[PDB]
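Trainee: experimental coordinates for this protein are included below, preceded by the sequence.
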Amino acid sequence: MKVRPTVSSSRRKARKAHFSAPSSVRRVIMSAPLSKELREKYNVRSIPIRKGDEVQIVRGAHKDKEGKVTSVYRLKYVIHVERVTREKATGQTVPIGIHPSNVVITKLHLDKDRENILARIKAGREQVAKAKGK
Amino acid sequence: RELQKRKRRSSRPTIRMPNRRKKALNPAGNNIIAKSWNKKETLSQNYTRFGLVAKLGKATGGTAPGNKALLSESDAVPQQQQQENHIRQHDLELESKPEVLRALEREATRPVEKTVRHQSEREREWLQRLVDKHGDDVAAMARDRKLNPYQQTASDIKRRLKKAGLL
Amino acid sequence: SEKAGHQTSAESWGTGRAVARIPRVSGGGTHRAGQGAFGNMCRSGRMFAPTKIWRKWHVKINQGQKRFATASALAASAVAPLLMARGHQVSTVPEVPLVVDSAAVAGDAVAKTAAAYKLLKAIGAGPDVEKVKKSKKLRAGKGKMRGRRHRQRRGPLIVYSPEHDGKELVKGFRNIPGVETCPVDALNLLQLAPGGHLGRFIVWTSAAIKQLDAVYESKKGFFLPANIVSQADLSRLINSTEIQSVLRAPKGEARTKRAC
Amino acid sequence: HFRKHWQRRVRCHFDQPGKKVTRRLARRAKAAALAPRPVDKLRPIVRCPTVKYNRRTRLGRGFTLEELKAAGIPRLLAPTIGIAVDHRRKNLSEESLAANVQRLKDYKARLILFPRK
RNA sequence: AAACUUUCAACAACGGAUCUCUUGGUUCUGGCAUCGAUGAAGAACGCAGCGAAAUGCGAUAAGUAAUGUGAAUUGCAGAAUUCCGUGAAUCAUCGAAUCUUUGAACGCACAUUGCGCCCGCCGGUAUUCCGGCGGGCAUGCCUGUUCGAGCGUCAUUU
RNA sequence: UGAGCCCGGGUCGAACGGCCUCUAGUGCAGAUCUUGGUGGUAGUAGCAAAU
RNA sequence: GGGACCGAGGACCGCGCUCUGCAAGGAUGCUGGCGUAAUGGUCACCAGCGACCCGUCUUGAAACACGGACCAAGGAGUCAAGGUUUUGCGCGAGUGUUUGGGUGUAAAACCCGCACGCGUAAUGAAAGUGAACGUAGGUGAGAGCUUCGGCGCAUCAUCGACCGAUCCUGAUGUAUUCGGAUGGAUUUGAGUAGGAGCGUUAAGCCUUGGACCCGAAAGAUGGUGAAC
RNA sequence: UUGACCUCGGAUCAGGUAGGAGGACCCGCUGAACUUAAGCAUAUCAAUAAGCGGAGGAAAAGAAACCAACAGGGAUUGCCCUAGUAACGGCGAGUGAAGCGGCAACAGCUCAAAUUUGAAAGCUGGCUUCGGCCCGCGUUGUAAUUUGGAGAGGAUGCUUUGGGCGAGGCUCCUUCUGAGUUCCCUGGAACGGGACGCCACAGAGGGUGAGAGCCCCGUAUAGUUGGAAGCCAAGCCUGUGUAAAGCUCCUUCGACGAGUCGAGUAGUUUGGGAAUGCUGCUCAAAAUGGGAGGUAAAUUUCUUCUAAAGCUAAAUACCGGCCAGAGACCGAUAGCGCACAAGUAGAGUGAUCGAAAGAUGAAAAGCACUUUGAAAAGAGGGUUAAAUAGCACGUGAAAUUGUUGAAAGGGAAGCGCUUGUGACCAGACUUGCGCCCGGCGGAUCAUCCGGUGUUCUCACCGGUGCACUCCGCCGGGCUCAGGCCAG
């Protein structure tokens, strides 16, 4: 149950906020799970998707298929990963869109910012686990 | 109405005003009340736990049970039965209980520095000139024009000399 | 809206033409020009008897009647078959008032919902909790567009004593679907008789039961009402030795034979 | 009395619980600033004026200057220690004076006064 | 017997009712007080690759600066544009700028991208000619500054 | 009896129904009713206006 | 003797009779037929008999008159305040928390300190006065009870009793001009003669609001153009 | 001749200010008519709408020339009752307050009238290293003191102080903070059903190819990272001048608002001709004064305040402004005129008037290619779970229309009762128990044994076997039972 006055449990405002979000807010919405090896390595649940993440699809008709993310189409809330293509009438292969909630991240594209992202998550996950424990 | 329809069509952000109030709802600081104030409780059960009184008026409704926060002779004079031409004017001479109340009496009756007031350098020089000439006869210092130009009463100089230490 | 249906400039065409005497929109350069206006029968017109905010929404009920209906809802909760007739899965609890000891609820023993769930499963409220969980269905109608998406059932009602048990058990029972918590000083008829149907399954606490005699002795202007009957069992009234000794002989039978 | 346009001057009170919680937060914010202090001021016991209400007393506006002097409370210190002063009211009787002086001595006994700085 | 006409059924039309949906309205409640001569509200002209609509912006023109996030924008044409980086973005924030003509509208006129004055600069034969640019030039009133008038009025032989 | 109600066959794609209570912007053949759609007149009048 | 239509009810009970059971308070017995169709439904059409086109309005009535090309959707006694009657409910000589305060799981629910509204004694224009002489009375009815002797609800009839006011009579007395006691009236009361009200729910009616829905000519305020 | 002071002007001199917008709420000015009284004019509507002027987050009012008659109360404002009372009226329609009482919130002050006169102590400029220089304003009065339930002046003896830093705190933005994508089925897609789990101070909401607590954003509590501006603030440096302040006493004083009040008159307004208030006009005050009340009480006895100067938060209002949260509301002929190009398209000289119009699919995968021909069109072929979902796009009613089929039709059809003919469609009692014999297996069968739960005498397991009993099963034989219609 909500208790704070600044949060609204309104279907009208929530669907408005989701479909009219700017690109920075759309980045957090298109977040993906980490794989079980990656969870036990960095103690991270989920991060937003980049352009260089090797990923495995777990939902849909392209299940059990692995590939590298080619583009992050934030406008239609969908990503394109490598080699999942569908042929048009002319034979031109157009990429098939997969939601980031339908995939699981196998390899990350690491830089200075991504390490800072993952260190901030494992900071708070350990801090409250210590707080819950002792 | 035409205002609000323009904003929906516009690619400009809706300026979200944070919930700021004029008056703070809770006490703050490093005083006794601020440390023992409970945010979740209300005024009456806070002052219950402190041991104080919030309202001095007549009770305007039913209160919660156990809050304790809302409160011979010859000449026939009723004032004489109540007794115990100037009074002290900047302070009042005053003659199993909650901890916050026990603290509040402790800083109430703690000893306070006097912070005495001194006379100026010219004032003690004015008196030092006066005592050397006349002496301990305060009457002659009152009626002497050259060392008492402000023509002050001998009782005032006597009181001023006592503050300097000279008799 | 008060201005709805009549922010339009229209006038009747009179008896000059063979059209219905309705206000018709002036002008001649649009699709709107010439159409009827201001009628409840007219499209884009004002509705008959517009709804106003000064309708009486709240009704005043006597405090004596409210305290009567709460005491009746309390008594129906102590009656066993009224609980299973309301819908509660009461087939495992070993007593219908079903007091739990305060030591198992008070303090921080229940403030985590894993211990709140364990306490309910042990005392017999387990089927009632799962009944609410397994009954979550989408709402039939148009209230799902108005913020009322799902409907589930009502589980047990926690009743405690805030002075003795504390207020930390509200957090424990808050997220279990169906179970509700109420202090013994502020009992609610909307919770005690949901839907107007008596017999809410109430789990009590040992501190809440000693308090319950005190809170009904402290309501001013209200005493516990005396029933107009002393014994509510009709079969004890009629099939008694006192009444049957002075009765006449029967004049007939339940089945009456056809003479002709 | 529906002779005028009653529809354009009708006031409804759907904010009655909303004004109540706003009123309680104003009293809450008043004791936030005045934390050891009470939220109100001392008012004298006053006798209602007319013959219908002669036999009932109520809270008045402030204490007489003679009532402050008999209780030993200075007049220019009284508003600073939470006592309301009214220079318009007069005693006119010893019973009104004795009742309010006794009230001020009771306030004096219950009072905790703090030393300046 | 066909045609035509009526009734019924199957299939095909016309039309948009019914069911379902809703980035909309309506009503209530709560926190707060913020337009303009430092040029507002409104009107107009322009600014993009393909811009038709809408939105944003002002010749610094779908925008510049600064801060934060951290790798897009996207219907098609982009770059050697940036990826352990002061750094993508039709991103967010926003404290610095730019801000054409009008409009209370302010040198005069206004339906013309016209007609004057004071100060300064630039280019083209150039101290003389021409064109352009920059800062100025409304009314009433207040305080001060400065200038002027009045046998209004005072002093002026020590 | 009736207002109505249940089932079969086809179509169709995401929500809906019974009971007991509460509620109301709650039941249409007419109002030269309102809005929309569509007829006979009629492939007729006639080629005027509009397109 | 011949024919038709019908078989309601479902252990026994009753009245009877020609008494080892019958025709006596309502049909049994026997035999046959029925699944590539017993028996139904809907549509189209034929046949016999029947049978004015609906609504509104006028009138004793018809006859006129108004509306109806067709289909879908919309579409007309509503909501407030104040009265009044009745039903239910809570408490009851009282009743009503919800202006407000306390409180809260936060517009919900729960609690109430003081006043206030209506009621709990009336009458007279007024000064003002003010409910018992009789088990608050007698008598007769009267539901109910009964030790069968009598008690007697509510209510009514009559004879009474008292009080407010009016018209009288006029006591001790009294400030020397104040009083109403006692005794009366073919008097009046929306009087007493032992309380019934307050809050609420449902329905109905009355009044006012747009007031069941639709439908003038007018008048007024403020603007825009320029004239029959 | 010079130089003032006074008054009136100029300057493209320096420094500022006003206009316009908005106007839901607020303060003023001005001001209708329709209606009602079953006609209508007083009245009402209404001190309203329209018109004009002027502010703020509130405005306005406000610290008594008050209310009262009491044992008095005590600035203003708003709620409840007072109360449909008093009061006024074609006494009809009607109109219509206030004091008291209960609450909400409360807070008090500044001048003018005084001689600083042992010292204009005050203030605007513009020139500066900023530390302090001049110019002007002003004595026709700028500071200090004082503002009538007061005060001043002396005396008197106690009691009070002032600045500058300031750690830190509160408010608000911010970063992070729980648990299944485990197995099977259907399905284009699992967010569905079954099994096994987990989190929950989070089972609000939303998205994801169908109903997701555990896929994602968020959601709950406490912390935690960085930032903005206000306010508070433990402490620490400092002060100072015979400087300011509160009282007490008294052989000393105590100034309180004029074309205002009031008398007469005209208008307007009010419940209110003690004129209810206000405005204009004529006349025009007082100082043990003046205002308003009470009272037959014996003369205006008494009570209560002090007008003509001024400021002031809160409780109050709000169809507007910056946001935010909700609903027993409406769901595309509804709800705002506008879910979408909406004050748009369009009309009118102009003021103004003012619409219609939502839905492919999970994803454009929006039909490549072959082939008729001039097209908003077909036939093949393909995409898709589905194209009779093909940007005429969810579902796709009726009116109305075409084709095919059946029947009928001599100057109306339609309808009621009852057959009949033909066409199409449906399918009638679910269609069973009991005995006998023989075999086989079980038990609720053995005074068989061990165990578990329990309402403590009932159930449920495990192992024994078939003396008895009872169930089934298989193979025979037998019995009766039945639904509808006839004779």
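Mentor: Received it, and whenever you're ready, just let me know what you need. Numbers count the residues shown, from 1 in each chain, chains lettered A, B, ... in the order given.
Trainee: which SSE is residue 122 in?
Mentor: By default, I'm working from chain A. Taking DSSP states H and E as the criterion, the element that holds residue A:122 is helix A:112-133.
Trainee: hm, I was asking about chain B
Mentor: The secondary structure element spanning residue B:122 is helix B:121-133 (assigned by DSSP H and E).
Trainee: list the contacts for residue C:184?
Mentor: C:159, C:160, C:161, C:162, C:208, C:211, C:212, C:215 (CB atoms under 8 Å, 6 or more residues apart in numbering or on different chains). Backbone N, C-alpha and C define where each C-beta goes, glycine included.
Trainee: which one of these is nearest chain D?
Mentor: Lowest distance from chain D to the contacts of residue C:184 (CB to the nearest CB) belongs to residue C:162, with 19.9 Å.
Trainee: the closest one contacts residue C:185, correct?
Mentor: Yes: at 7.4 Å, residue C:162 counts as touching residue C:185 under the criterion of CB atoms under 8 Å.
Trainee: quick one on the thing from earlier: for the helix holding residue B:122, list every residue counted as buried.
Mentor: Along helix B:121-133, the positions that meet the burial threshold by neighbour count (16 or more other CB atoms under 10 Å in any protein chain shown) are B:124, B:126, B:127, B:130, B:131.
Trainee: do the same with stretch B:46-53
Mentor: With the criterion 16+ other CB under 10 Å, stretch B:46-53 contains buried residues B:46, B:47, B:48, B:49, B:50, B:51, B:52.
Trainee: who does the longest strand belonging to chain A touch, helix- and strand-wise?
Mentor: Longest strand in chain A by number of residues (criterion: DSSP state E): strand A:65-73. Strand A:65-73 is packed against strand A:54-57, strand A:78-81, with contacts defined by 3 or more CB pairs under 8 Å, 6 or more residues apart in numbering or on different chains; DSSP states H and E.
Trainee: so which of those is nearest chain C?
Mentor: Distances from chain C to each of the helices and strands packed on strand A:65-73 were compared by CB to the nearest CB, and the smallest falls on strand A:78-81, at 26.3 Å.
Trainee: how about the nearest residue to the residue of chain A found nearest chain B, chain neighbours excluded?
Mentor: Of the residues in chain A, the one nearest chain B is residue A:6, at a distance of 6.7 Å by CB to the nearest CB. Excluding its sequence neighbours, the residue lying closest to residue A:6 (CB to CB, 6 or more residues apart in numbering or on different chains) is residue B:19, at 6.7 Å.
Trainee: distance of residue B:158 relative to RNA strand G?
Mentor: Here the distance between residue B:158 and RNA strand G works out to 58 Å (CB to the nearest atom of the strand, to the nearest Å).
Trainee: who's the nearest residue to residue D:79 once chain neighbours are set aside bridged to?
Mentor: Leaving aside its chain neighbours, residue D:79 sits nearest to residue D:85 (6.0 Å; criterion: CB to CB, 6+ apart). The bridge-partner assignment for residue D:85, based on DSSP bridges, gives residue D:63.
Trainee: can you tell me which residues contact residue D:85?
Mentor: Contact criterion CB under 8 Å, 6+ apart gives D:62, D:63, D:65, D:68, D:75, D:78, D:79 as the residues in contact with residue D:85.
Trainee: got phi/psi on the fourth one?
Mentor: Pointing back at residue D:68 there. Taking degrees, to the nearest 10, you get phi -70, psi -40 for the backbone angles of residue D:68.
Trainee: that one contacts residue D:74, doesn't it?
Mentor: Yes: when contacts are counted by CB under 8 Å, residue D:68 is listed as touching residue D:74 (7.1 Å).
Trainee: comparing these two, which residue is more hemmed in?
Mentor: A direct count of neighbours by other CB atoms under 10 Å in any protein chain shown for residue D:68 and residue D:74 places residue D:68 higher, at 22 against 17.
Trainee: quick check: residues of chain A near chain B?
Mentor: Proximity of chain A to chain B is assessed by CB under 8 Å from any CB of the partner chain, with A:5, A:6 identified as the residues in range.
Trainee: residues near whatever residue of chain A ends up closest to RNA strand F, how many?
Mentor: Here chain A gets closest to RNA strand F at one residue, residue A:11, 11.7 Å apart by CB to the nearest atom of the strand. Residue A:11 has 13 neighbouring residues, counting by other CB under 10 Å.
Trainee: ok, now which ones touch the residue nearest to it when sequence neighbours are not counted?
Mentor: In space, residue A:11 comes closest to residue C:147 once its chain neighbours are excluded; the distance is 6.8 Å by CB to CB, 6+ apart. Contacts here follow CB under 8 Å, 6+ apart; on that basis residue C:147 touches A:9, A:10, A:11.
Trainee: how close does the residue of chain A closest to RNA strand F sit to RNA strand G?
Mentor: Distance, residue A:11 to RNA strand G, using CB to the nearest atom of the strand: 18 Å.
Trainee: I figured that residue hits residue C:145, correct?
Mentor: Yes: in terms of CB under 8 Å, residue A:11 counts as a neighbour of residue C:145; the distance is 7.3 Å.
Trainee: hang on, the earlier thing: relative to residue A:14, how far out is the residue nearest to residue A:11?
Mentor: With distances defined as CB to CB, to the nearest Å, the gap from residue C:147 to residue A:14 amounts to 11 Å.
Trainee: report the contact partners of whichever residue of chain D sits closest to RNA strand H.
Mentor: Taking CB to the nearest atom of the strand as the measure, the point where chain D comes nearest RNA strand H is residue D:60, at 2.7 Å. With contact set as CB under 8 Å, 6+ apart, residue D:60 has these partners: D:43, D:44, D:45, D:46, D:86, D:89.
Trainee: can I have the buried ones of those residues as a PyMOL selection?
Mentor: To isolate the buried ones among the contacts of residue D:60 in PyMOL, judged by 16+ other CB under 10 Å, type:
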select buried, chain D and resi 43+44+46+86+89
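Trainee: among the contacts of residue D:60, which one lies nearest to residue A:133?
Mentor: residue D:43 (56.3 Å; CB to CB).
Trainee: pull up the gap between the closest residue to the closest one other than its chain neighbours and residue D:99, please.
Mentor: By the measure of CB to CB, 6+ apart, the closest residue to residue D:43 outside its immediate chain neighbours is residue D:59, 4.2 Å from it. According to CB to CB, residue D:59 and residue D:99 sit 12 Å apart.
Trainee: how about residue A:119?
Mentor: Where residue D:99 is concerned, residue A:119 sits at a distance of 73 Å (CB to CB).
Trainee: next: residue C:78.
Mentor: Computed with CB to CB, the distance linking residue C:78 and residue D:99 is 54 Å.
Trainee: circling back: list the buried ones in the helix holding residue A:122?
Mentor: Of the residues in helix A:112-133, those scored as buried under the neighbour-count criterion (16+ other CB under 10 Å) are residue A:118.
Trainee: one more: stretch C:90-98?
Mentor: Buried residues in stretch C:90-98, defined by neighbour count with 16+ other CB under 10 Å: C:90, C:93, C:96, C:98.
Trainee: separation between residue B:111 and residue D:36?
Mentor: Separation of residue B:111 from residue D:36 (CB to CB) stands at 20 Å.
Trainee: more crowded one of the two?
Mentor: Neighbour tally, residue B:111 and residue D:36, criterion other CB under 10 Å: the higher count belongs to residue D:36, 17 against 6.
Trainee: could I get the helices and strands packed on strand A:65-73 as a markdown table with distance to RNA strand F and mean neighbour count?
Mentor: Output for those, formatted as a markdown table (distance: least, CB to the nearest atom of the strand, whole Å; neighbours: other CB atoms under 10 Å in any protein chain shown):
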| stretch | distance to RNA strand F | mean neighbour count |
| --- | --- | --- |
| strand A:54-57 | 25 | 20 |
| strand A:78-81 | 21 | 21 |
